[PDB]
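Read through the structure below, which is laid out as structure tokens, and then see the notes.
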Amino acid sequence: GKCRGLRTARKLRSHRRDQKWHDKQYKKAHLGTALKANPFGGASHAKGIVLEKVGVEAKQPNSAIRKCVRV
Amino acid sequence: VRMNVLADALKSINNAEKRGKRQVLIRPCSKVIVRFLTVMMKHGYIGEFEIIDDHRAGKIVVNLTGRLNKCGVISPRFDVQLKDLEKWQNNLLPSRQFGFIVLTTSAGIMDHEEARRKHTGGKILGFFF
Amino acid sequence: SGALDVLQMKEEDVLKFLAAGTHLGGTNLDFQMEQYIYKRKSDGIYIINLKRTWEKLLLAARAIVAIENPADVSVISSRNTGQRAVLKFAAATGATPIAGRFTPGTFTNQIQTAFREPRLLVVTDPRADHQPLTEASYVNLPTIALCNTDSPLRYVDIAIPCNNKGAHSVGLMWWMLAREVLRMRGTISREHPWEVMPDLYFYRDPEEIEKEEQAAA
Amino acid sequence: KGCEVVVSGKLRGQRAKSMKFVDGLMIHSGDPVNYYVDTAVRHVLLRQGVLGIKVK
Amino acid sequence: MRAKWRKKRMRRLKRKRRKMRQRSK
Amino acid sequence: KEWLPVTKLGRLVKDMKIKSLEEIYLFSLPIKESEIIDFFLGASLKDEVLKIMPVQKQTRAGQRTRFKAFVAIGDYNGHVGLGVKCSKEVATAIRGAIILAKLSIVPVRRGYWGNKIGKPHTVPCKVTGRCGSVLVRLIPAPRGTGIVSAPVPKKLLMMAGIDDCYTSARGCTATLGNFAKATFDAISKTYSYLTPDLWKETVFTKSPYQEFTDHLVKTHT
Amino acid sequence: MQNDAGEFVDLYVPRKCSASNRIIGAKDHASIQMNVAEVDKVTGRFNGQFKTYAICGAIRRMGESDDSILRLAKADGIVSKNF
Amino acid sequence: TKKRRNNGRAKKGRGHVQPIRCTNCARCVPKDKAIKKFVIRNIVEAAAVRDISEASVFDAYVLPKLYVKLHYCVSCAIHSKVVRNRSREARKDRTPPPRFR
Amino acid sequence: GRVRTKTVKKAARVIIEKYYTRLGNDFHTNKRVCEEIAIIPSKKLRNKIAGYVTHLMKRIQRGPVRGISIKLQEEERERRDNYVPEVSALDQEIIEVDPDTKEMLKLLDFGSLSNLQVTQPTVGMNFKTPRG
RNA sequence: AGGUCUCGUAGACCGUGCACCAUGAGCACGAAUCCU
RNA sequence: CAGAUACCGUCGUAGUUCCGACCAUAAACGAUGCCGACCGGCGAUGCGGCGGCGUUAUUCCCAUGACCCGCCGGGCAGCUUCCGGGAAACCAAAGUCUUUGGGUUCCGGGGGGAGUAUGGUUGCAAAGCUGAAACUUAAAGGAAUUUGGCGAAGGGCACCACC
Ligand SMILES: [Zn+2]
């Protein structure tokens, strides 16, 4: 704490409000853009229809063909 | 500028106690500083303190002894009640065997023990152990 | 250490101090030596109060006589000035001398053959002999130092203010320390003059040795 | 006045490694190595290979 | 690349984009 | 298997004219023989290995590796120690660490929580240790609480004899050397705290050297 | 060090410094314990008693221990008062 | 990391100083940063002094000297072997190098 | 070149420290002495040892050597260090003294001494070298 | 009247920048305790 | 030079200089906000003041200027330190901080996207101030020690190097 006075509470509250807004994990859950861009829409599970079976590949160290599906 | 004289007095006492000195010189005097040092010296942490009287603001020279650990202030003066004292001595004191919180009270400048058995509370000043 | 009337300088000691020149010190002053200064005279030379020197010498004599084993006192010197003086001190008072090249580790390493375990330490100069003081600090071991007006007063307990730059002053201080220790031990009478020869503690450079050998037999 | 035992081969692993154990005095060069030290090199038929012994 | 010439390149790209937007009226 | 004491303190201990190591701790004498403690503390002195961290120093060809072993020792109703030794293999590192742990054991005092009834169980004050970035704080606890901490200060506190404590660490405590040395500094700073329990002016007794120097000069050089 | 019964429970009482009244630890090797001999009143010899002063390692590390020893000797009565 | 107590210069209470030019190069370097060498040289160095003195009109003629102050940039001074790199403990030594004659 | 090793120098130092009345300046005589009194398993080592003994004694009959100690140059130093003069060189017939320390002695325990005379101070104070 | 006044002659800092000189895909690394 | 619209050399336009009107940006850095108190020593330095043997503006006196010796107050800085702090380099402040609170303003929550898009605003213009998100990654970083290589430096060696 910097502003340490007896009747200094709205300054501390507003400063912590802006510094809480100036975050990443809290800002992700308090803006609608992250929820709208999420294809699940804030849901745990989801349903879908299979279009085609694709095959994607692993990264630099290990080499395999990780088999996925486009839904 | 100078805003709290008791804070600077206790910081000077703490610094000269850590350095191993035998006497200090608090530059401004006040009634609360004299009462706070009276609480320490009645509880047996310092010696006789001389008040050098002049016509502006007195200076206090206490006979320091190897008996003190720390002196501090709590700024600003937070008001406490009887139900709030337990938390303050829990998070402020080393043990439950010694150490005192001096707090401002309508009965006078007095520590937390007689604030407990006089059934009264007020604003806090500082601590020493 | 001088509170009585038998432990003070009468006539001869002040004359010896004035002859050797122990009253005059260095140009520089340490802040822990403001006690043992009378006044600065001209040409930037500090004057040492002789009564404080006598009191500190008496206190160091009490410290030496306070332990009963004479071998536990260890006397160190490394400079060429106090070479013979520390050996004559160890011959008189029974101390243990280390004269020339105080090798490190003698107080901490117990495998080295020079592993001594003393109880009291006496040195000649804290500026020059900074190595026995740290090894003295690494164990519980108090020390005595013959300090000048500019030596760094640190890790010492009885600082005797004197002149450690001249051979005569060093030898005189060693001789008075030896006779004070011998008088407190009781082996030397107090009323009888023990001033036999103070010159045995005085070092001389080898050109003076060749000059003395040419002058005498 | 000294000894040196070294064990060579594969030891709890596929990659081979050598563990040398020495204490005391051990000379290597000159003629006095010939009539002072005695060196024997034998083998151990373990289940995973052959192990080397060199003592002196 | 270093930050100074990258900032110059991005300034040039922003100027070209602003010119294209102001000519796309 | 024979003791040949090099220091005079070891000869004074071996000749059986000292009573305990408590006077040695009172006079703050240095101990440089590891098995003086083995003479004093017998079968109650147990050790457990904390961590073996391998270190490497790169050279002309490859990296020369070495093993650093941490061990903690101490009886369960008093003194506690900690020792570090790094050498080539593991066994001599553990042996040297055990020797250095027996060499440096510190005493503990224990206080009470509120009511002073029976034997002490907890830390008397709010002590604090500091080394590196690890900040170890020990807080007194009521009876029957138990040592609540990380496992390393937990086992060090049951080894030190402290039964009930509240701890709160801060910093990079993953490094076990800094964590263990910081909690050892927190435990060892317990007597170095002036409380009004012992404000009375002390009496100075005679050192063992000046009272058994007749035995020393009669026995050795 | 005491309890409700009043019995002693501490392992040892630690020595306090005679200059700063600070606790001398069990691992403070720089701390000393100086012995000062007295003298006979008339004959001027070693009578046999001891005078003991203890200086903690912080004072010696500061390097201001001779002033403390001189003050304690003046308080005890060894050093003459005029000095 | 910080390498020196100062910043390789002697600017403590200014913020701006006059820039000068190097001698070998033409690099604009501040005045309190550049390495300076005030060399006092003579016209005839070591063997021509007797050549002038024997073949002269005026007897007992003193030879005049040349005075010049040299301003060096840091890279030019290290490249021209004026100053060298020093160890971490010997970097804090501000004495001039010793001279024999 | 020709630089001796630890064994030659150490063996030469100990044979001069233990023997002096038998060894001399001639190389063949102390070579045969080093054959007789010391166990040397070779001959080049013997010759190098005897040569370094010859060089070391050529040093010793000129001056002292700090590496070794033999009895003949021993106790001549203690004769040199145990001398006494006639006059004690401190009880001289007149002692010069400064006015400031004379006024210090006037307030210490004395009023006048029988062996001191006050000198005159300098006209000016200039006691440090020009540094700045 | 005497006739080269004396002690040793590092009696080395003449030279300053200095032509052209780019690139190496990586498979291949194991992390240690007690003796009847 | 393989290429040289680069390093180098010869010319040379706006600019560099002054007046008048504009933008408000720098490694604008002590990369260390401002006020106030305390906590070691030393020798110097610039200003003002105080005191003192002596030399000089030619020989006596006073004030002044110039030196010598000290003291006070403010300022740019230096050397040493087991005060103390820190991850360390280091710092007499970056100390008096788990024994955590003297007053007060601005500001940062892993790296990239990104000082980016849009909106507002300022400017003749170049551009300044305010300032996201989608997406992607398990690292990006700070201090220090030995073998690493320097078309880095200082000393030595080799006919598997040279003259
Ligand atoms: Zn240049």
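Chain identifiers are assigned as A, B, and so on, following the order in which chains appear in the structure tokens; residues are numbered from 1 within each chain, and ligands are numbered from 1 in order of appearance.
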Proximity check chain H to ligand 1, 9 Å, nearest pairs one decimal Å, only C-alpha atoms and all ligand atoms, as a Markdown table:
```
| residue | atom | partner | partner_atom_place_in_ligand_line | distance |
| --- | --- | --- | --- | --- |
| H:21 | CA | ligand 1 | 1 (Zn) | 7.5 |
| H:22 | CA | ligand 1 | 1 (Zn) | 4.4 |
| H:23 | CA | ligand 1 | 1 (Zn) | 5.8 |
| H:24 | CA | ligand 1 | 1 (Zn) | 4.7 |
| H:25 | CA | ligand 1 | 1 (Zn) | 3.1 |
| H:26 | CA | ligand 1 | 1 (Zn) | 5.6 |
| H:27 | CA | ligand 1 | 1 (Zn) | 5.5 |
| H:28 | CA | ligand 1 | 1 (Zn) | 8.6 |
| H:29 | CA | ligand 1 | 1 (Zn) | 8.8 |
| H:71 | CA | ligand 1 | 1 (Zn) | 8.2 |
| H:72 | CA | ligand 1 | 1 (Zn) | 5.8 |
| H:73 | CA | ligand 1 | 1 (Zn) | 4.7 |
| H:74 | CA | ligand 1 | 1 (Zn) | 7.6 |
| H:75 | CA | ligand 1 | 1 (Zn) | 7.0 |
| H:76 | CA | ligand 1 | 1 (Zn) | 4.7 |
| H:77 | CA | ligand 1 | 1 (Zn) | 7.6 |
```
Taking only residues of chain J that have an atom at most 9 Å from an atom of chain H, what is each one's shortest atom pair and its distance in Å to one decimal, using only C-alpha atoms (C1' of nucleotides), in chain and number order, as a tab-separated table?
```
residue	atom	partner	partner_atom	distance
J:11	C1'	H:46	CA	8.3
J:14	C1'	H:45	CA	8.4
J:16	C1'	H:24	CA	8.2
J:17	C1'	H:24	CA	8.0
```
Task: Residues of chain B in alpha helix (DSSP H), written as a count of residues only - done: 40
TODO: When you get a sec, could you note down which chain K residues fall within 12 Å of chain E, using only C-alpha atoms (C1' of nucleotides), as a PyMOL selection string?
DONE: chain K and resi 114-117+126-127
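We find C1' of residue 101 in chain K and CA of residue 12 in chain B to be spaced 16.4 Å apart.
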Any chance you could tabulate, as a tab-separated table, the residues of chain G at most 10 Å from chain K with each one's nearest atom pair and distance in Å to one decimal, using only C-alpha atoms (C1' of nucleotides), in chain and rising number order?
```
residue	atom	partner	partner_atom	distance
G:58	CA	K:82	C1'	9.3
G:61	CA	K:82	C1'	7.3
G:62	CA	K:83	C1'	8.2
```
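Of the listed residues (B:82, B:40, B:102, B:3), B:40 comes nearest to residue 62 in chain B; the distances count only C-alpha atoms.
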Open item on the list: Residues of chain A within 12 Å of chain B, counting only C-alpha atoms - could you list those as JSON, numbers by chain?
Closed with: {"A": [3, 4, 5, 6, 7, 8]}
Export of the given selection (N, CA and C atoms) as a PDB file, in the first residue's frame:
```pdb
ATOM      1  N   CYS A   3      -0.956   4.810  -0.609  1.00  0.00           N
ATOM      2  CA  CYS A   3      -1.819   5.832  -0.022  1.00  0.00           C
ATOM      3  C   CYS A   3      -2.351   5.301   1.303  1.00  0.00           C
ATOM      4  N   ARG A   4      -1.672   5.641   2.395  1.00  0.00           N
ATOM      5  CA  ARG A   4      -1.981   5.113   3.720  1.00  0.00           C
ATOM      6  C   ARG A   4      -2.504   6.250   4.594  1.00  0.00           C
ATOM      7  N   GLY A   5      -3.812   6.509   4.510  1.00  0.00           N
ATOM      8  CA  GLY A   5      -4.447   7.517   5.327  1.00  0.00           C
ATOM      9  C   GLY A   5      -5.714   6.966   5.956  1.00  0.00           C
ATOM     10  N   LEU A   6      -6.254   7.726   6.912  1.00  0.00           N
ATOM     11  CA  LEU A   6      -7.388   7.226   7.684  1.00  0.00           C
ATOM     12  C   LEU A   6      -8.687   7.280   6.890  1.00  0.00           C
ATOM     13  N   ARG A   7      -8.892   8.328   6.098  1.00  0.00           N
ATOM     14  CA  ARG A   7     -10.086   8.453   5.270  1.00  0.00           C
ATOM     15  C   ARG A   7      -9.751   8.314   3.786  1.00  0.00           C
ATOM     16  N   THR A   8      -8.839   7.399   3.468  1.00  0.00           N
ATOM     17  CA  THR A   8      -8.493   7.046   2.092  1.00  0.00           C
ATOM     18  C   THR A   8      -8.996   5.628   1.839  1.00  0.00           C
TER      19      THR A   8
END
```
Open item on the list: What's around range 163-172 of chain F at 7 Å? Count only C-alpha atoms (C1' of nucleotides), leave out sequence neighbours fewer than 2 positions away in its own chain, and write the answer as a list in words.
Closed with: residues 121, 122, 123, 133, 134, 135, 136, 137, 138, 139, 140, 141, 142, 143, 144, 145, 146, 147, 148, 149, 158, 161, 174 and 175 of chain F
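Closest approach to chain I from the set K:54, K:43, K:110, K:9 is made by K:54, with distances taken over only C-alpha atoms (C1' of nucleotides).
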Open item on the list: Would you mind listing, as a PyMOL selection string, all residues of chain J that have at least one atom within 12 Å of chain D, where only C-alpha atoms (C1' of nucleotides) are what counts?
Closed with: chain J and resi 29-30+32
Take the residues from that selection and write them out as a PDB file, in the first residue's frame, keeping N, CA and C atoms (P, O5', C5', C4', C3', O3' and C1' of nucleotides).
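Here's the written file result-v5.pdb:
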```
ATOM      1  P     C J  29      21.542 -40.634 -27.166  1.00  0.00           P
ATOM      2  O5'   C J  29      21.428 -39.873 -25.770  1.00  0.00           O
ATOM      3  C5'   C J  29      21.293 -40.600 -24.553  1.00  0.00           C
ATOM      4  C4'   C J  29      21.822 -39.825 -23.371  1.00  0.00           C
ATOM      5  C3'   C J  29      20.864 -38.795 -22.775  1.00  0.00           C
ATOM      6  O3'   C J  29      21.059 -38.732 -21.364  1.00  0.00           O
ATOM      7  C1'   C J  29      22.840 -37.713 -23.493  1.00  0.00           C
ATOM      8  P     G J  30      19.799 -38.568 -20.382  1.00  0.00           P
ATOM      9  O5'   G J  30      19.895 -39.834 -19.419  1.00  0.00           O
ATOM     10  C5'   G J  30      19.378 -41.095 -19.817  1.00  0.00           C
ATOM     11  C4'   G J  30      20.227 -42.229 -19.303  1.00  0.00           C
ATOM     12  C3'   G J  30      20.587 -42.178 -17.826  1.00  0.00           C
ATOM     13  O3'   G J  30      19.553 -42.673 -16.992  1.00  0.00           O
ATOM     14  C1'   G J  30      22.523 -42.658 -19.099  1.00  0.00           C
ATOM     15  P     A J  32      20.653 -38.651  -9.333  1.00  0.00           P
ATOM     16  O5'   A J  32      20.382 -40.006  -8.542  1.00  0.00           O
ATOM     17  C5'   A J  32      21.070 -40.296  -7.330  1.00  0.00           C
ATOM     18  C4'   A J  32      21.192 -41.782  -7.119  1.00  0.00           C
ATOM     19  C3'   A J  32      22.148 -42.213  -6.010  1.00  0.00           C
ATOM     20  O3'   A J  32      21.643 -43.383  -5.368  1.00  0.00           O
ATOM     21  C1'   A J  32      22.884 -43.092  -8.091  1.00  0.00           C
TER      22        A J  32
END
```
TODO: Within chain I, find each residue whose DSSP state, derived from the backbone, is strand (DSSP E), and express the selection as a ChimeraX atom specification.
DONE: /I:95-97,116-118
Open item on the list: Need the shell around residue 1 in chain D: protein/DNA/RNA residues with any atom at most 8 Å away, counting only C-alpha atoms (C1' of nucleotides). Skip same-chain ones fewer than 2 positions apart. Format as a PyMOL selection string?
Closed with: chain D and resi 3+24-25
Open item on the list: Distance limit 12 Å, atoms considered: only C-alpha atoms. Which chain D residues sit that close to chain F? Return them as a PyMOL selection string.
Closed with: chain D and resi 19-21
Per residue of chain A within 12 Å of chain K, what are the shortest atom pair and its distance in Å to one decimal, counting only C-alpha atoms (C1' of nucleotides), with rows by chain and residue number, as CSV?
```
residue,atom,partner,partner_atom,distance
A:1,CA,K:101,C1',9.2
A:2,CA,K:104,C1',7.9
A:3,CA,K:104,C1',6.8
A:4,CA,K:101,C1',7.9
A:5,CA,K:103,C1',8.7
A:6,CA,K:101,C1',11.6
A:8,CA,K:104,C1',11.8
A:15,CA,K:107,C1',11.1
A:18,CA,K:107,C1',11.9
A:19,CA,K:109,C1',9.1
A:20,CA,K:109,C1',9.7
A:21,CA,K:109,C1',11.1
A:22,CA,K:109,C1',8.2
A:23,CA,K:109,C1',6.7
A:24,CA,K:109,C1',8.5
A:25,CA,K:109,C1',10.5
A:26,CA,K:109,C1',11.6
A:27,CA,K:133,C1',11.4
A:28,CA,K:133,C1',10.5
A:31,CA,K:133,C1',10.1
A:32,CA,K:133,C1',10.7
A:33,CA,K:133,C1',7.4
A:34,CA,K:134,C1',8.4
A:35,CA,K:134,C1',11.3
A:36,CA,K:134,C1',10.4
A:37,CA,K:134,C1',7.3
A:38,CA,K:134,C1',10.0
```
Open item on the list: With only C-alpha atoms considered, list every residue of chain F at most 12 Å from chain G, as a PyMOL selection string.
Closed with: chain F and resi 20-31+77-79+103-121+124+185+188-207+209-210
Can you tell me which residues surround residue 13 in chain C at a distance of at most 10 Å, considering only C-alpha atoms (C1' of nucleotides), apart from same-chain residues fewer than 6 positions away, and format the answer as a tab-separated table (two decimals) with N, CA and C atoms, in the first residue's frame?
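Wrote out02.tsv, looks like this:
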```
chain	number	residue	atom	x	y	z
C	19	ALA	N	62.81	10.34	26.71
C	19	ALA	CA	64.03	10.03	25.97
C	19	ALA	C	63.74	9.18	24.75
C	50	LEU	N	50.59	10.72	28.78
C	50	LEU	CA	51.38	9.61	29.32
C	50	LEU	C	50.64	8.87	30.43
C	54	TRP	N	50.09	4.91	30.81
C	54	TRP	CA	50.45	4.16	32.01
C	54	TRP	C	49.27	3.34	32.54
C	172	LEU	N	61.21	0.06	24.72
C	172	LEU	CA	60.90	0.58	26.04
C	172	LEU	C	59.52	0.11	26.51
C	176	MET	N	58.83	-2.16	29.84
C	176	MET	CA	57.95	-1.79	30.95
C	176	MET	C	56.79	-2.76	31.12
```
TODO: Would you mind reading off the distance between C1' of residue 55 in chain K and CA of residue 39 in chain C, one decimal, in Å?
DONE: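 Between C1' of residue 55 in chain K and CA of residue 39 in chain C the gap works out to 25.6 Å.
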- [ ] Report as number ranges by chain the set of chain C residues whose atoms approach chain K to within 9 Å, with distances computed over only C-alpha atoms (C1' of nucleotides).
- [x] C: 30-31, 42
